[PDB]
Amino acid sequence: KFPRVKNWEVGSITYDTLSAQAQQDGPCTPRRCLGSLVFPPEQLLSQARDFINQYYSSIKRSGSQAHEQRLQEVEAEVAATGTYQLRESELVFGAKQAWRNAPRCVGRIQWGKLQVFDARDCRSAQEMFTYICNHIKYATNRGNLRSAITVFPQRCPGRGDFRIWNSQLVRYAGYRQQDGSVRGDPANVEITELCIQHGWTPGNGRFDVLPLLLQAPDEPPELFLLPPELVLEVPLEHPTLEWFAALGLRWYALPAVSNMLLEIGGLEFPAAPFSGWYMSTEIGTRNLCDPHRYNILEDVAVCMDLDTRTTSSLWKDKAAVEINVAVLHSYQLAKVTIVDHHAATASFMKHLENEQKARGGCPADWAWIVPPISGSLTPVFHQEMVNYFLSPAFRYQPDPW
Amino acid sequence: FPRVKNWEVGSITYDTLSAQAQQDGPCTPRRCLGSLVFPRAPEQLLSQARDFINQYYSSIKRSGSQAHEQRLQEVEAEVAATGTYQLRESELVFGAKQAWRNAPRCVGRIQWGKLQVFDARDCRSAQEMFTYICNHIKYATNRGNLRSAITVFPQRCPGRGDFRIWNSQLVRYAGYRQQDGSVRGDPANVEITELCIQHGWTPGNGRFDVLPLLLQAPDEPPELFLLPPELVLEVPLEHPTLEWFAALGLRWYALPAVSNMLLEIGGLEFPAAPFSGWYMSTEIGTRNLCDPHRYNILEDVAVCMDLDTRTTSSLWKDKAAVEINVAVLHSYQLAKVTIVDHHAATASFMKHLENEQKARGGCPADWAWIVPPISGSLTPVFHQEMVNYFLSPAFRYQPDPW
Ligand code: HEM
Ligand code: HEM
Ligand SMILES: Cc1cc(N)nc2cc(-c3ccc(CCN)cc3O)c(F)cc12
Ligand SMILES: Cc1cc(N)nc2cc(-c3ccc(CCN)cc3O)c(F)cc12
Ligand SMILES: C[C@H](O)[C@H](O)[C@H]1CNc2nc(N)[nH]c(=O)c2N1
Ligand SMILES: C[C@H](O)[C@H](O)[C@H]1CNc2nc(N)[nH]c(=O)c2N1
Ligand SMILES: [Ca+2]
Ligand SMILES: [Ca+2]
Ligand SMILES: [Cl-]
Ligand SMILES: [Cl-]
Ligand SMILES: [Gd]
Ligand SMILES: [Gd]
Ligand SMILES: [Zn+2]
C-alpha cells in the first residue's frame, strides 16, 4: 500500500508514505494512466478542520490550547458567515504548503522562503493594480529575484470574484494576420485580443508587454498598463555567437503566474499571483523553441550555419543548447536571477531527500520535473516519482470569460 | 473515454481503446505511478484465447465467419481436453506483431507490421536454441541493413521447465566488477557477466567484450554458447569533425535484440522469444554512453572538447552529449548500419499514433519512455498527451531465471 520508489542511478529505495494522505482524486485508474495529461456547507468545515490540524501539528502545538480555540472559531465563523477567515500566519503557512505540494514545481527546495503579501483587504481593480505593482517591484528586486505571493480576497457566496485575466503578470502580445501566422507570443494570442477589445491600443513588435486586465467582483475587467521601468527584461545575447544579439530576442525576469487558484482549508483564492525566478529551459527551450511558441529554433540554426536538411545532424539539438546558453549568459550578464536545469534538478533531488525525512514523501510529476532538454543528463530522470494531490494546493481554474 | 490533446497543434482525440485494457497498471485515483520502471487455470485462459482469436479474425476481416467460429470451438476443445492450446502459425505471426504494436514504451511501432517471425516452437535443446538465435542474428543484422525479427521458442507448459535466454540482450558487453566497486565495460551487465564466468566462460578485460549466451533448455542448467565474432556486427565510434573522438576507442553493436522478455499471446506464454529492431541513436549516445551508471563518458568528452566543466551553466553536459549523439549517428551511417535519430523516430511515432487512432481508436503509450532522453520538447511526442495501458498480446517483464 506504500509505493516503492527507486532511484536507478544510485539504486536507493524509499517508500512514499505521504501518498496515503492524498486529498483529492487524480486522473489515473488501474486500467489506464493519464499522468501525461496537462489538465487532468459542511464540506467547507471538514477541509477547514483538516488544514487547522495540519497547521498546529506543523508548529508542534496541536491538541493543545490554541488549537481547539481556533477550531471552534472557524466552526462559529462558518455558522455565522458561511465561510471563515484565515489568520495571517495560517495564510503564510497555507501559501508555502501549497507551493511545497505542487507536483510540477522543480523549484520547491525554496518552499520555506516565500514572501506572502496579504491583499485580502483589497477592493477595486485599482487597488489590485497597486498590490500587483508592489509584488512585481518586491519580487524583481533589481534582478535579485525573491519569491512572493500576493493573496487577494477569497471567493465568497453571492459575491463575484477577483480575477487576473492574464495568465502571467508579464506576457508578450500575440498578433495574428491575414497571413495566418502570429507575430509575438502565440500563447498569448487570446489575452491579446481581450486587451485590444477592452481598449488597449496594440503595439506591433515581437515582445510588446501586455496590459493587465484586472477584474473586481462583478465589475468588468479594467485595463492597466504596467510601468515600463517596473517590468525588467533581459535582451538576449550569446557569449560567442555575436550575431545572436541581433536577433532581437528578449525575455522578462519575473515568472509571475496569475491565473491559478489557491486553495487553503476549503477556502478558494481565485486571484493569488505568485512568482519565483526562471529556470533557463523554460525560456530557452519552451518559450523560444516550442513550435507553438516563438519557434525560433530554425532561425538560430540557420544563423549557426547548421545543416537543417537532415534530422541526423542534430541541428535542432545544437541550436537549442546554444539558445539556452544565450539565456543563461544573458540573465547572468544582467545580474538577473536564473537557474540552469542541471542546478535546479540537483536541488530538487535534495528537496526529495529532505521531504522524505520531513514527511515521508513528496508529490512529483515526473513529466514536468524532468527538464525539456537533456532529460537523462539530470538526476531527476533516473528518479521514480509518485504524483498525488495534497492540500493546500495551487489549482488550475476556468478562464474568467 | 479519456480526451487526449496534442499541444503543438491543438488537436484532440479520445482514446476509446483504453477501455479494453486487460491487466491492471500501477496507478490509482489516489496516486500516479506512471514513472515507475517495474510497476508489477482453465477459464481465464479461455477468455484470453477467445479474445485473441477474435483479434486475429478481425485483423483479416473475417470476424463472425465460419472459420472464426470453428477456430474458437477448436481452441475451446483443446483447452478442455489439454488445459492449453497451440497457436496456428498465422496466429503466432499476428500475435507477435500485436505484442509489438501494444508495447507502450516502444517509440518504433510505426514498423510493427514489418516483423519477421521465426517459429522455433519445435526447438528441443539449448543447442538448437543457439542455432535459432544465430539464424535470427544473421537475418536481422543483414550486414547492417537491419530487419526486425522475433524468434519464438516453445511456450510454457505444465510439467516442463521453460526455455530461457539468461542474457537480457543477444549482444551485450561484459561488465567486469572491479574490486574497487567500479566497473570495466558495461555496468548494466555486471550480473550476467558474473554468471557467464561462473558457468565456464573465460573473460576478457576490454570495455567492449561481447558476452557469450547463456541458454536454458527445459529442466536444464544454462549452457554457454559463444557468438561467432562475424555474426556480431559492431560500429567503431568516430565523430565527423572531432578527430580525437576516434581515440576514445568507443564502439557499439548494430543489433538491439532483447532476449529476456516474455511474449504473451492469447493467454499462452513464451518465456523465450528474443526480438530485435534497430537502434534509436539516443539509446546508444545518451543512455548507454552518458548514463552515469553506464559508460559515463560525458565529462571526458566535454573535457576533450575544451568545455568549462566546472560550472553547470556553461551547459557543457548538453554540448558533450549532443556531440556524442552526433558521433553515434555519423558512425552508424558511415558503417552503413541502420540507425534512426530521435527526431525521425518521434516524428514517425506521431504518424503511428494517427494510424492507430483510425485503426483502433487509441494507442497505449508511456510518455516517459516515448520522449527521448535528450531534447525532449524539441520532438513532437513531448507535446502529445498519451494514455498508458496494458493490452494483450504483450511483451512483459519476467523474473530473472536465477
Ligand atoms: C524559486 C524559484 C522557482 C523555480 C526555479 C521554479 C521552477 C518551476 C518550473 C520549471 C516549473 C514548470 C513550469 C513550466 O514548465 O511552465 C514550475 C511550476 C510550478 N511552480 Fe515553481 N518555481 C519557482 C518558484 C515557485 C513559487 C514561489 C511558487 C508558489 C508560491 C511555485 C509554484 C509552482 C507551481 C504551482 C507550479 C505548477 C503549476 C502548474 O501546475 O502548472 N514555484 N516551477
Ligand atoms: C524497428 C525499429 C525499432 C525501434 C527504433 C525501436 C525503438 C525503441 C526504443 C527507443 C525503446 C525504448 C528502449 C529503452 O529505452 O531501453 C523501445 C522499447 C521497446 N520496443 Fe521497440 N524499437 C524497434 C523495434 C521493435 C521490435 C521489432 C519490437 C518487438 C517485436 C519492439 C518492442 C519493444 C518493446 C516491447 C519495448 C519496451 C520493453 C520494455 O517494456 O521495457 N521494438 N523500442
Ligand atoms: C512560480 C514559477 C516559477 C517558474 N520559474 N516558472 C513557473 C511556471 C509556471 C507555469 C506557467 C504556465 C503553465 C501553463 C502553460 N504551459 C504552467 C506552469 O506551471 C508557473 F505556474 C509558475 C512558475
Ligand atoms: C526492439 C528494440 C529496439 C530498440 N532500438 N531498442 C530497444 C530497447 C529495449 C529495452 C532494452 C532494455 C531495457 C531495460 C534497460 N534500460 C528496456 C527496453 O525497453 C527493448 F526491450 C527493445 C528494443
Ligand atoms: C503532453 C505533455 O504533458 C506536455 O507537453 C507537458 C510535458 N511536460 C511538461 N513539463 C513542464 N515543465 N512544463 C510543461 O508545460 C510540460 N508540458
Ligand atoms: C525513473 C524513470 O521512469 C526511468 O529513468 C525511465 C524514464 N524514461 C525512460 N524512457 C526510456 N525510453 N528508457 C528508459 O530507460 C527510461 N527510464
Ligand atoms: Ca488573406
Ligand atoms: Ca493440435
Ligand atoms: Cl514562462
Ligand atoms: Cl541498449
Ligand atoms: Gd554568415
Ligand atoms: Gd576537427
Ligand atoms: Zn498514472
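Computed from heavy atoms alone, side chains included, the values below leave out hydrogens, waters and symmetry copies. Naming: A, B, ... by sequence-line order, numbering from 1 per chain.
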Heavy-atom pairs under 4.5 Å with chain B: which of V10(A), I338(A), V321(A), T281(A) has the most? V321(A)
Salt-bridged, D25(A) to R30(B), with N to O below 4.0 Å? yes
Audit row: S376(A), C290(B), side chain to side chain contact (heavy atoms under 4.5 Å, CB included) steps and yes/no: CA-CA 9 Å; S376(A) 74; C290(B) 297; over 6 Å; no
Supply the atom-to-atom distance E9(A) CD to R294(B) CZ, rounded to the nearest 0.5 angstrom. 13.0 Å
Decide if atom CD of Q23(A) counts as having more than 12 heavy atoms of other residues, nucleotides or ligands within a radius under 6.0 Å. yes
Which of the residues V387(B), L36(B), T28(B) is involved in the greatest number of heavy-atom pairs with chain A at under 4.5 angstrom? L36(B)
Could you check which of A19(B), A365(B), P26(B) has the highest count of heavy-atom pairs closer than 4.5 Å to chain A? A19(B)
For the candidates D290(A), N324(A), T378(A), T285(A), which exhibits the highest count of non-hydrogen atom pairs separated by less than 4.5 Å from chain B? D290(A)
With a cut-off of 6.0 Å (strictly less than), are more than 12 heavy atoms of other residues, nucleotides or ligands near OH of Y397(B)? yes
Separation between OG (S374(A)) and CG (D318(B)), nearest 0.5 Å, reads 3.0 Å
Under 4.5 Å heavy-atom distance to chain B, tell me which part of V370(A) shows up: side chain, backbone, both or neither. neither
Determine whether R286(A) and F382(B) make a side-chain contact, defined as any pair of heavy atoms from C-beta on separated by less than 4.5 Å. yes
Considering non-hydrogen atoms only, spot the tightest contact between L377(A) and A321(B) and give its length. CD1-CB, 3.5 Å
A quick test of your reading: do over 12 heavy atoms of other residues, nucleotides or ligands sit less than 6.0 Å from CZ of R176(A)? no
In terms of heavy-atom pairs under 4.5 Å, which option from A344(B), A368(B), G34(B) contacts chain A the most? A368(B)
Interatomic distance, OH@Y388(A) vs CG@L33(B), rounded to 0.5 Å, equals 10.5 Å
About how many Å separate CZ of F2(A) and CZ of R31(B), when rounded to the nearest 0.5 Å? 11.5 Å
Measure the NE2-OG1 distance between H343(B) and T310(A) for me, rounded to the nearest 0.5 Å. 10.0 Å
How far does NE2 of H330(B) sit from CG of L314(A), to the nearest 0.5 angstrom? 12.5 Å
I'd like to verify something: which residue of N387(A), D16(A), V325(A), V5(A) has the highest number of heavy-atom pairs under 4.5 Å with chain B? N387(A)
Residue part contacting chain A, namely of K5(B), when any heavy atom lies under 4.5 Å: neither
Please classify the contact of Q332(A) with chain B as side chain, backbone, both or neither, using a heavy-atom distance under 4.5 Å. side chain
Cut-off 4.5 Å, heavy atoms of chain A, and the answer for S314(B) is backbone
Considering only heavy atoms and a distance below 4.5 Å, find which of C28(A), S280(A), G375(A), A22(A) pairs most often with chain B. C28(A)
Heavy-atom distances under 4.5 Å only: say whether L298(B) touches chain A with side chain, backbone, both or neither. side chain
Assign the ring pair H293(B) / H382(A) to parallel, tilted or perpendicular, where the plane angle (0 to 90°) is split at 30° and 60°. perpendicular
Can you tell which part of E322(A) gets under 4.5 Å to a heavy atom of chain B, answering side chain, backbone, both or neither? side chain
Heavy atoms of other groups near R105(B) CZ, more than 12 under 6.0 Å: yes
Side-chain donor-acceptor contact under 3.5 Å, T311(A) with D341(B): yes
Assess the residue pair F39(A) and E385(B) against the criterion (side chain to side chain contact (heavy atoms under 4.5 Å, CB included)); give the C-alpha distance rounded to whole Å, side-chain angles, the decisive distance to 0.1 Å, and a yes or no. CA-CA 10 Å; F39(A) 299 106; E385(B) 290 173 357; 5.8 Å; no
What's the shortest heavy-atom distance between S312(A) and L329(B), and which atoms? O-CD1, 3.3 Å
